[PDB]
Amino acid sequence: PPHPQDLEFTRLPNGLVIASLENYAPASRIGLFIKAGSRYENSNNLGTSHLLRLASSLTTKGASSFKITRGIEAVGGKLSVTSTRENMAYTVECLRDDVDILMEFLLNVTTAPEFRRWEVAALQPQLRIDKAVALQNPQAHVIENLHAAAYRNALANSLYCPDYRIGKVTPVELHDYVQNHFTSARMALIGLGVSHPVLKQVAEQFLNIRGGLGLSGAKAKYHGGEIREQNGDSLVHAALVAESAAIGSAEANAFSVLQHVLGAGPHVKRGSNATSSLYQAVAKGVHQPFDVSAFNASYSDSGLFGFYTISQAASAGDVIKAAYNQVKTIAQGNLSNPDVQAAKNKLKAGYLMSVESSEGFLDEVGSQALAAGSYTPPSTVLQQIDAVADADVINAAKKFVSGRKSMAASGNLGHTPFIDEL
Amino acid sequence: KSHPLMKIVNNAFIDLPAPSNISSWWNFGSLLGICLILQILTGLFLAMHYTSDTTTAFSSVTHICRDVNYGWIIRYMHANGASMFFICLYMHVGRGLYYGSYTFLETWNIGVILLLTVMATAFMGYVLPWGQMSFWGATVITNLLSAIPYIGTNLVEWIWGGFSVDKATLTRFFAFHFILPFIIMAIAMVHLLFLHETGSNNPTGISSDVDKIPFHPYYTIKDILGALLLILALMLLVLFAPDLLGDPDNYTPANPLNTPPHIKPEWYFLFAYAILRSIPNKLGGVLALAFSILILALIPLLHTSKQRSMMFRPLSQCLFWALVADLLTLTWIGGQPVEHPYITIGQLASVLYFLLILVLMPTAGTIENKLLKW
Amino acid sequence: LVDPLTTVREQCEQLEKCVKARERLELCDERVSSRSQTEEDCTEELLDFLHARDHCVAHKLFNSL
Amino acid sequence: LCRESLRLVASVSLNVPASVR
Amino acid sequence: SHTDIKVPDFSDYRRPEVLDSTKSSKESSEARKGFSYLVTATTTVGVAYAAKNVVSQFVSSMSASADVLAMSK
Amino acid sequence: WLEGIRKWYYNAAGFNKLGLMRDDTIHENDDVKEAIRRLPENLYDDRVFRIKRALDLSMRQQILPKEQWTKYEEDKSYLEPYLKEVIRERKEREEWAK
Amino acid sequence: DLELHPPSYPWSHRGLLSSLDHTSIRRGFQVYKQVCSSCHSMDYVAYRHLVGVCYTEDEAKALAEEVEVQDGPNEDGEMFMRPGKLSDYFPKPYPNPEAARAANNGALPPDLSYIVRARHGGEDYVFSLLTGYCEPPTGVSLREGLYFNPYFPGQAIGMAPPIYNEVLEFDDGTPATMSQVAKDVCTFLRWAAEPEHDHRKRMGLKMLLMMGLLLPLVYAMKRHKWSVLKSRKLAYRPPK
Amino acid sequence: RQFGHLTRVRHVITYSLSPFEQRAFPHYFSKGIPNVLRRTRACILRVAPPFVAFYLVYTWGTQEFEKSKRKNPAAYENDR
Amino acid sequence: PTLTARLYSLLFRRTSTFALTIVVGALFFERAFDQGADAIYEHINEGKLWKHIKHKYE
Amino acid sequence: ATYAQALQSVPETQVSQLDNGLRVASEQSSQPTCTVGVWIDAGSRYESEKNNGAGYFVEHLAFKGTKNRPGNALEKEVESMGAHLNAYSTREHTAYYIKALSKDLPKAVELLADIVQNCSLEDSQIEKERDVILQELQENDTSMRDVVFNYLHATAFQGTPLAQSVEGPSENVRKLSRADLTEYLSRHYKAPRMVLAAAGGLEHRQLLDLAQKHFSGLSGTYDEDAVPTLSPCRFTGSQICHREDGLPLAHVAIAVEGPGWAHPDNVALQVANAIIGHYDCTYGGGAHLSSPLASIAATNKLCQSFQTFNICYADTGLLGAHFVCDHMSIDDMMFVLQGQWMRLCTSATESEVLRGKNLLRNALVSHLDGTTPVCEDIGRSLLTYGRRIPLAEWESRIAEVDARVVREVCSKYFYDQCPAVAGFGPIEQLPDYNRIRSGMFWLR
Ligand code: HEC
Ligand code: HEM
Ligand code: HEM
Ligand SMILES: Cc1nc(C)c(-c2ccc(Oc3ccc(OC(F)(F)F)cc3)cc2)c(O)c1Cl
């Protein structure tokens, strides 16, 4: 093989992170990560993120809507946009000989968008599409609700524009949103397959715009509670979670391990998920098609943890309870060192695999770069997994069973329990 | 620019949804178009040399045959073309009767008009060369109108422009003969305009929207073949038996002083000539002869079977072929002199025609239903 | 000089139908000739004959020409 | 859509369909 | 299942050259097309002959008749 | 007896040779069109196929093998009960207008 | 009120591809010019018409100059005769029907241009008429000027039997019999009434061969196209 | 009315084959002639009796027109 | 390759050459047919035409 | 540090063999995780009318425990150690593979050899997977993409094995017994007809000695006239039109006979397919898209998704396209598509080729990013091409494709060729075959 390289790193005067692995691939992959997800949408300018996501390649200052679309396609590049409830991630791909063109079109899209009334008005009904395409998966319903039940100010906000707002987003609201949240103190420039001098040189020259967070998020006041969309699908989807802890604390790790103890997902194609604690617990009173798995969300501000039930129509009452009991008798303390040592492998491997391909890697480098300061190599993560004791896990399960509850259900909910019946 | 917009009016010649199962009896409309266009084209070229004056009208046609280059082929294609038209017409009307297509009332009634127009055209056409049958055909046919009480006698003289079929008539007949074709071609486009509202019938009589196919490429190639055959039939007549369907008396110039022995309208009219001669009364004859053609317009009101087409209708099937055979009989009877036994065969054939259509065919349909519990 | 026709007629009116008709010609011809003031002729019979003869005549006269 | 084998981060782009992680 | 749906057997109607379900059609297509496109091309030729002839007749209809050529001398 | 003639005629008409039921041949018409709309998915879809196959046959000019012919005894009058109503409702609509 | 129909004499030009016999036309012409051109008009033929049919141009022009035909008017406004030329239409036996009848006991000898097509039976009739003259049967008398011919209708023709043996003598020197004359003049009269006759039938051949060739070819194409539909297979697959 | 808008058809499958992959005149006489003969058998007694009847009436009324045109018969009659 | 197969790829494949073929072929055909069937007719009616009896009168 | 040079620094995939046949294959990077797995020339093309749907049955049973690891041990051993175990069947291939940590490679390789060789095939388990699969066939029945693609196969390769689905007719599933499966297994899973591929953190020869350890013990050779040969499958210009109106949208697939894994044209055909490209309503580009079909489709909503394809098999393939659309847009979508094919065949502009080339270049490099990708490439490359191929060679082959080539190549496979057409849904508009066939030639 070739010779492994140091993921270089810098932090310009105005707080702007820059990073660049130069792994001499034939392909070059560049992200500009920005703190501008749903959390920073106020109670008025909703969906403005969602539209902003679709709005890549509307005419900019230096390049026309045409030039952008055709120019990248002329070298077979790609300009993707990836939003979380916290972060937007404008990410390009191309051959390592075209890097400067793709870099160029990237800066226009972020620093210099015009948002022309007649283009932005023409784009609006795509919201209708992109939303409906995504709410095919009944999960999206449930998860969207769950945050809106759990949290209020910031993270209750959906990734997909609400109904009433489709059409109503003004080009002023984009100008405003970009101006306020596309700032040096909220941005990290990540590069894979590119040398550090040029990523700096361009960042200094063309990304040095006002570095003053123009809005800040709230502190994510957790509420708690339940949202139930009765709608007659064959199955019933329902999620139940409780206030977990944020990412970057060693208490997060304990929830991560607590996850792979309970339920991760399939590891072996077509198996019965023999090792999955939750699936196995709910495997046994109920004889039908069903599913359950451990929900673990963790952001900078806060976090969620619990389980997700895809039960039958009338098996909802059984599956949701039966699964809950199984987590309870972990909070009570039935956890052999073998079970923690298995989960620690699942997680250790699961992480290591999830940065294998360039695609995940860049999302983690940019994730760390924004979330907190500089890159934390895999060894330290693998070590910190080991660092988590067998107490912290049972204390996480104790924090769940005791903690404030959030439930989001949708399906035929006739035989579905409520938080007070649970 | 490209004129690209109303070629897209051949959404009713190319992507037109047609039934999959229309038989060769549906090939006939197209042919009738070919007949019409052919007739027009040859007619025009004949008009380049003909003259409508009594002094030169015969002499012109001869000059066309003898000295005008290929004038004879044109002249005979025209005259036999007239027959092929009428064959195609009677096949085409039959199809409609058998398969019940007369349910498309507009298309049908426009049809019944067209027919009259074509009869009228061709009648005048045959006067133009001013032969013995050309004259006496007109004298005898036209005069029928003066059977109409009070006015007819004046009306006939108005038609003629005098007291006899004369030079005054021959000229206008040419004039009208030239025009009507076009009125025919206009009406035809309306005839289609209404048909395409519904699309074609088919031999079953059963709505074929469940199973349609593009007119093209299927029915184009079917129709090209079909035209080729008509062209064969025509060219056989023209090149081998050019006087087969013609009367010889019309090769001797007209003479208002000496009447031919067996005066008879050209073949496609003989059926009605017979029905006319059945009735002893003058007016009765005329009204009968009228009904004999216009009863086509009544037909749709006499439909009774809950099935549209005769395909699944045995009784009707027979009575139909009885009708055709009776027409063949009347056609024969009309060609013969009015002597025994032809006058009685005439009577019975005539009464049989109307009896079939008005009494028996509707009854057949009724009984037919009673046997299926309809 | 002699005409091929005037031979072929002779040779044709041998055949049985010609003589049979010619017979009927004489036979009623008598009857028409020998009476007083009856009003017919045997024209019909003449033609009956002539037809029978000339069908034949035509069937071969043209070989001589 | 199917059923029977069951055992957030939004994403949209310019060349890919949208995925819901 | 939709995998019960087996295409029926057309070997009753096929061209000989494409009967062997273990033999590539690519050889014979060359000649199969040629053969059918031939029929077309001939039919066109015949029709061209036929058309050329009826046109020129109808044209010649308008040049001086023998009646008018008589006096030309 | 009538029922012998009926049997004969039925087989003479010879729609059966195409695997068509009597009520497949009925003359399309407002009442019929309506009755047909009221038909249930299966009964409708069936009729569609019976006719789609009968037309295809007619085009090829062939018929069905003797065995697959529609049989007098088995010939369902599927459209009858629906139409009779459509009619009666319209006769009521007219009576009332009088 | 009785009538005898002609028989079917088989002419060299009878069959559907059989042409006229131009030698016999040539001879037939002389029969007209000698025997009938003195009572029968042939108004629609002219000497030029003969050229390339049965005579050369020189022969035909020599046939023309043989006749005095009127022309004019000249400088003084007066009509004058001149020898014929190629473009002259065969001269007329009389000035008009009244003269023609007054010369022949009231009966008008018809024009022969189209007589072959103006009568049922055609040459099979004309021949039969010309040779078929015979004696009135016991019972039949006739007016003066009428001769009995059984092929004519009413059997009382006003034409004197116009051909007997050696009524003329032909150029090529054929036996000028009676029935050998009638044959030739009938063969001529056919051409007079139908000059297209040879050409038409040749076209007919080309048409037959052509349809021969095309009509299967087209049918083939039709079948090539319709194959798709004629071969197809339907399958009803409702579920539950 | 055109393809797309004609009518509603459910649960039907059509299999077809390229004109170039198949024979133009398959089993032409093999299966043609019998099919033709069946077809002729089907209709013949519906079609032909009316024309036969025409043929009878034709020849009859014709030869019968010829009788009445001919002559008279007692052998004596126009006198005595 | 068969004759059909060579004919396809040499003359029928390109719609340009296809048309040219029809033209060339139709010129060639025309004369052959005309003269062929003219000859058949002339034989069928041997002796009878002015072209057969022309020589005698010159 | 150029693209041309970047192709040099790519690890040359190392490949060994065994006396007993099993080719061993591996590409080394310094990846802390790796992927390793078994690739086999077996499936529904080698299957036959009576045993069709068995390769799917075996694939189903393979992870339900071996002899040396009964019940759900095979499962738990892999689950608990963290790693991932997957498998798939196709018409011409079958693969079972594991994603693991580098250190686990030795343990991993062991389990695969056990899954392949010592499979239990419990008689109680067969009837358990019998009810599973019957329900997995009802699932596909409502996935118009899968249905249309199987139809396309059925009518494209009618009368041959390729026409067969991988899943098999619902009858066979219900009547396949152990006897059939065991036979299939022993008759088809032979060591020379197999490859052991892996990529990530590992040194070639560590694998090879693990292969000698656990795969020397596999059926090492074959008997004489039992190991089968593959008959060429005839491609038939034809149509199959499942008219189902109650479905919201019409799916259609149309394709002409592809060249086959072997043929070098498969580069200029990939370049060409890249030019016509692919699309769905969620693409950002809209009207400004470079592919005229995509931009036309987008501005006029001719379709809500369309993709070109080159499905490759041994000595043939399917080279065409597929679209999902509204019951009235079918003709137009078709017209534009065929239009593009004929446009390529007869005039293929120079730069638009250069666009395709780069899209393809991008495609293959950014396709081989991971271990699971490259392991799978290596696994099949050997089973089809006979070797693995350097990106530096693929590049050379791409760099030779220009206008004149793209045309000669497209003209070769498209121009005046009978296509095979599968249509599923409200397809009353879908053009007649005789019409579609005329869409394949020019100078109208
Ligand atoms: C000198 C007088 C004369 C000559 C010579 C003569 N004809 Fe006539 N022809 C007549 C007259 C008078 C009639 C009157 C017919 C009638 O009885 O009404 C007649 C009648 C005919 C008719 C009868 C038309 C019909 O339908 O019955 C034909 C044909 C005819 N001629 C042909 C000829 C031919 C051919 C020749 C010589 C080759 C000839 N004629 C010579 C005076 C003549
Ligand atoms: C549309 C249907 C037509 C029919 C059915 C028809 C029918 C006829 C008939 C039966 C004749 C007598 C032919 C004869 O005995 O020689 C005739 C003569 C004639 N027709 Fe027509 N004709 C039609 C259209 C036309 C048209 C459109 C024209 C001119 C534009 C035309 C011009 C003539 C002329 C000039 C003659 C006299 C020459 C002759 O006697 O042949 N006809 N037509
Ligand atoms: C110049 C005269 C006519 C022309 C050119 C003509 C032309 C056509 C054509 C082209 C068609 C479509 C093809 C077909 O279905 O056969 C058609 C249909 C029809 N015509 Fe005519 N037509 C003429 C006269 C008539 C007459 C006289 C009638 C009735 C008395 C008639 C009744 C019909 C009917 C009922 C149909 C459609 C029925 C079906 O689809 O089966 N037409 N006509
Ligand atoms: C349903 C149906 N519809 C139509 C239109 C046709 C049809 C009708 C006419 C066709 O050719 C024509 C020939 C002459 C024409 O002239 C005129 F303008 F005077 F008319 C017009 C058209 C060709 C096809 C058909 O064959 C069927 Cl089956």
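Residues numbered from 1 in each chain as written, not as in the entry; some residues may be left out. Chains lettered and ligands numbered in written order. Heavy atoms only, no water.

### Describing the overall build of chain E
Then step 1. Regarding its fold elements, chain E presents 2 helices and 0 strands.
Then step 2. Its C-alpha atoms give chain E a radius of gyration of 27 Å, more than 25% over the compact-globule value 11 Å for 73 residues.
Then step 3. Along the first, second and third principal axes, the C-alpha set of chain E runs to 90 × 30 × 15 Å.
Then step 4. A burial count over chain E gives 40% of its 73 residues as buried. (Helix = DSSP H or I, 4+ residues; strand = E, 2+ residues; numbered from the N terminus. Rg over C-alpha atoms; globule rule 2.2 N^0.38 Å. Buried < 20%, exposed > 50% of the residue type's maximum accessible area, 1.4 Å probe, protein only.)

### Quick look at the overall build of chain C
Then step 1. For chain C, the helix and strand inventory stands at 3 helices and 0 strands.
Then step 2. Each helix (α) and strand (β) of chain C, taken in turn from the N terminus, gives the series α-α-α.
Then step 3. In terms of overall size, chain C is more extended than a compact globule, its C-alpha atoms giving a radius of gyration of 14 Å where 65 residues would be expected to give roughly 11 Å.
Then step 4. Expressed as a percentage of the 65 residues in chain C, the buried residues total 48%.
Then step 5. Considering only intrachain contacts with a sequence separation of at least 6, the fraction spanning at least 24 residues in chain C is 67%.
Then step 6. As displayed, chain C has an accessible area near 3,900 Å², and 46% of this comes from carbon and sulfur atoms.
Then step 7. Of note, chain C has its 9 positive side-chain charges centred 4 Å away from the centre of its 15 negative side-chain charges. (Contact = heavy atoms within 4.5 Å. Areas by Shrake-Rupley, 256 points an atom, 1.4 Å probe, with all protein chains shown as cover. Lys, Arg positive; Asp, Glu negative; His and termini not counted. Charge placed at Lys NZ, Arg CZ, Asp CG, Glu CD.)

### Some words on the interface of chain I and chain E
Then step 1. If you look at the interface, chain I gives 15 residues, while chain E gives 15 residues.
Then step 2. Carbon and sulfur atoms supply 75% of the area that chain I and chain E bury against each other, a total of about 1,300 Å² over both sides.
Then step 3. Three residues stand out in chain I for area buried against chain E, namely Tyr8, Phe12 and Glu30 of chain I, and they jointly supply 38% of the buried area on that side.
Then step 4. Between the two partners, chain I and chain E, sit 1 salt bridge.
Then step 5. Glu30 of chain I is the partner of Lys52 of chain E in a salt bridge, and the nearest nitrogen-oxygen pair spans 3.0 Å.
Then step 6. The tally of links between chain I and chain E comes to 3 residue pairs in polar contact.
Then step 7. Of all the secondary-structure elements, those providing two or more residues to the side of chain I that touches chain E are α1 (3-12) and α2 (15-44) of chain I.
Then step 8. Considering every element that reaches the side of chain I that touches chain E, the biggest residue donor is α2 of chain I, with 8 residues. (Buried area = accessible area lost by both parts, 1.4 Å probe. Salt bridge = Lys/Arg side-chain N within 4 Å of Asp/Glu carboxyl O. Polar contact = N/O pair within 3.5 Å; in protein donor to acceptor, adjacent residues only side chain to side chain.)

### Here's the deal with helix α6 (residues 144-156) of chain J
All names here are of chain J.
Then step 1. A rise of 1.5 Å per residue sets the reference length of α6, with its 13 residues, at 18 Å; its end C-alpha atoms lie 18 Å apart and thus fit the reference within 8%.
Then step 2. The element α6 is extensively covered by neighbouring structure, given that 10 of its 13 residues are classed as buried.
Then step 3. Taken together, the buried positions of α6 are occupied by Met144, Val147, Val148, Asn150, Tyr151, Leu152, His153, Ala154, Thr155 and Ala156.
Then step 4. Taken together, the buried residues of α6 touch α5 (123-140), β7 (238-244), β8 (250-258), β10 (305-312), β11 (317-325) and β12 (420-425). (Expected span 1.5 Å × (residues − 1).)

### A few points about the site of ligand 4
All names here are of chain B.
Then step 1. Surrounding ligand 4, one finds 13 residues, the nearest of these being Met189, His196, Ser200, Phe215 and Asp223.
Then step 2. Here an oxygen atom of ligand 4 and a side-chain polar atom of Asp223 are 3.2 Å apart.
Then step 3. Coverage of ligand 4 by the protein amounts to 84% of the 610 Å² it exposes when considered alone.
Then step 4. Of all the secondary structure elements, the ones that give two or more residues to the shell around ligand 4 are α1 (28-47), α7 (167-198) and α8 (215-240).
Then step 5. Per-element accounting of the shell around ligand 4 gives the leading share, 4 residues, to α7.
Then step 6. Residue composition of the shell around ligand 4, by class: 8 nonpolar, 4 polar and 1 charged. (Near = heavy atom within 4 Å. Nonpolar A, V, L, I, M, F, W, Y, C, P; charged D, E, K, R; others polar.)

### Here we look at the coordination of the iron atom of ligand 3
Residue and element names in this part refer to chain B.
Then step 1. Around the iron atom of ligand 3, the donor atoms from the protein are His92 (NE2) and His191 (NE2), and they sit 2.3 Å away.
Then step 2. Angles of 87 to 178° at the metal separate the 6 donor atoms of the iron atom of ligand 3, which places the site in the octahedral class. Separated by 99 residues along the polypeptide, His92 in helix α3 (residues 71-99) and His191 in helix α7 bring together distant segments of the chain.
Then step 3. Residue classification places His92 among the buried positions, given a relative accessible area of 18%. (Donors = N, O, S within 2.8 Å, 3.2 Å for Na, K, Ca; no water. Tetrahedral: all angles 85-135°; square planar, octahedral: opposite > 155°, others 65-115°.)

### Notes on the coordination of the iron atom of ligand 2
Residue and element names in this part refer to chain B.
Then step 1. With distances of 2.2 Å, the protein atoms coordinating the iron atom of ligand 2 are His78 (NE2) and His177 (NE2).
Then step 2. Given 6 donor atoms and angles of 87 to 177° at the metal, the environment of the iron atom of ligand 2 is assigned as octahedral. Here the residue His78 occupies a position in helix α3, and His177 occupies one in helix α7, the gap between them amounting to 99 residues. Accessibility classification places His78 together with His177 in one group, the buried group.

### Let's talk about the packing of helix α9 (residues 270-278) of chain B against helix α10 (residues 282-298) of chain B
Residues and elements named next belong to chain B.
Then step 1. For the pair α9 and α10, the least separation of the axes is 8 Å and the interaxial angle reads 145°. For the pair α9 and α10, the sense of crossing is right-handed. Along the contact surface, α9 presents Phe271, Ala272, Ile275 and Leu276, while α10 presents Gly285, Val286, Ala288, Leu289, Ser292 and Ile293. (Axes fitted to C-alpha atoms, helices over the stretch in contact; angles between N-to-C directions. Left-handed = near helix turned anticlockwise from the far one by under 90°.)

### Digging into the UniProt feature "disulfide bond" in chain C
All names here are of chain C.
Then step 1. Here the UniProt disulfide linking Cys12 with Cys56 is intact, its two sulfur atoms sitting 2.1 Å from each other. Of this pair, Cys12 sits in helix α1 (residues 4-12) while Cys56 sits in helix α3 (residues 43-60); the two residues are 44 residues apart in sequence, bridging distant segments of the chain. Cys56 shares its class with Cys12; the two are buried. (Disulfide = S-S within 2.5 Å. UniProt positions renumbered as here; feature names shortened; annotations may be inferred.)

### Quick word on empty space enclosed by the protein
Then step 1. Size it by volume and the largest cavity reaches roughly 200 Å³.
Then step 2. What lines the largest cavity is a set of 14 residues, and nearest its centre among them are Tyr102, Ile299, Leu302, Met310 and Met361 of chain B.
Then step 3. Only α11 (314-335) and α12 (342-372) of chain B provide two or more residues apiece to the lining of the largest cavity.
Then step 4. Residue composition of the lining of the largest cavity, by class: 10 nonpolar, 3 polar and 1 charged.
Then step 5. The space that makes up the second largest cavity amounts to roughly 170 Å³.
Then step 6. Looking at the second largest cavity, it is lined by 13 residues, and the ones nearest its centre are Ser29 and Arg32 of chain E, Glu21 of chain H together with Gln417 and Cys418 of chain J. (1 Å grid on protein atoms, 1.4 Å probe; cavity = no way out; pocket = protein on both sides within 12 Å on 5 of 7 lines; lining within 4 Å. Points joined across faces, edges and corners; volume = space filled by probe spheres on them.)

### Overview of the pairing of strand β9 (residues 291-298) of chain A
All names here are of chain A.
Then step 1. With respect to burial, β9 is a largely interior element, 6 of its 8 residues being buried.
Then step 2. The sheet contact formed by β9 and strand β10 (residues 303-311) spans 8 bridges and is antiparallel. Of the residues in β10, the one forming a bridge with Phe295 is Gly306.
Then step 3. Hairpin connection of β9 to β10: 4 residues between the antiparallel strands. (Pairing = 2+ DSSP bridges.)

### What to know about the site of ligand 2
Residue and element names in this part refer to chain B.
Then step 1. Taken together, 21 residues surround ligand 2, and among them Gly43, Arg75, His78, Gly125 and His177 come closest.
Then step 2. In the environment of ligand 2, a nitrogen atom lies 2.8 Å from a nitrogen or oxygen atom belonging to the side chain of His78.
Then step 3. Residue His177 places a side-chain N or O atom 2.9 Å away from a nitrogen atom belonging to ligand 2.
Then step 4. At the level of elements, α1, α3, α4 (105-125) and α7 are the ones that each hand at least two residues to the shell around ligand 2.
Then step 5. No other element matches the 7 residues that α1 contributes to the shell around ligand 2.
Then step 6. Split into classes, the residues belonging to the shell around ligand 2 amount to 14 nonpolar, 6 polar and 1 charged.

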